[PDB]
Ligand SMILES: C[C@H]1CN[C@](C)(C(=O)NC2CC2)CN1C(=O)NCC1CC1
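Below you'll find only one chain, the form solved without the named molecule, shown as structure tokens.
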């Protein structure tokens, strides 16, 4: 229905606003763009599904996310890729892990405050009906 297409358009507006607030935070610059194959040729042999905030913006616009749960799976994949690729006691590795945990925690905190639980439940019930 028209009501249902309006629901998904509101979800896209909400997700684009959250994503741009993450992407301007100086701590999260390393998560804003795909890893350059050149600079890190080893990255794609270890990390089987790369994800970054620019790709997330592209996916919103392609209608890839019909719920906030499916959006948060890609934020979780950004964070878990960084934890897996940078696991050592080095200060460089510990700094990126600290930033990756802060990106995940910041995303979940914005959504907990600003998302209405009945709005997400409606998206989940339209998705289940298709």
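Numbering follows the first chain given and starts at 1.
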Check your understanding: For the C-alpha atoms alone, is the average B factor greater in 24-32 or in 41-49, going by the entry?
Key -> 41-49
Check your understanding: With respect to C-alpha B-factor, does residue 105 fall in the lowest, middle or highest third of the chain as deposited?
Key -> middle
Review point. Once the chain's modelled residues are ordered by C-alpha B factor and cut into thirds, is residue 61 in the lowest, middle or highest one?
Key: middle
Study note, to complete from the structure: residue 81: CA temperature factor from the record, placed by chain third, in the lowest
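The same protein also exists as the form deposited with the named molecule bound; that form is not shown, yet it is the one meant from here on.
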Study note, to complete from the structure: In sequence order, the residues of 72-95 that place a heavy atom within 4.5 Å of the named molecule in the deposited bound form are 85, 86
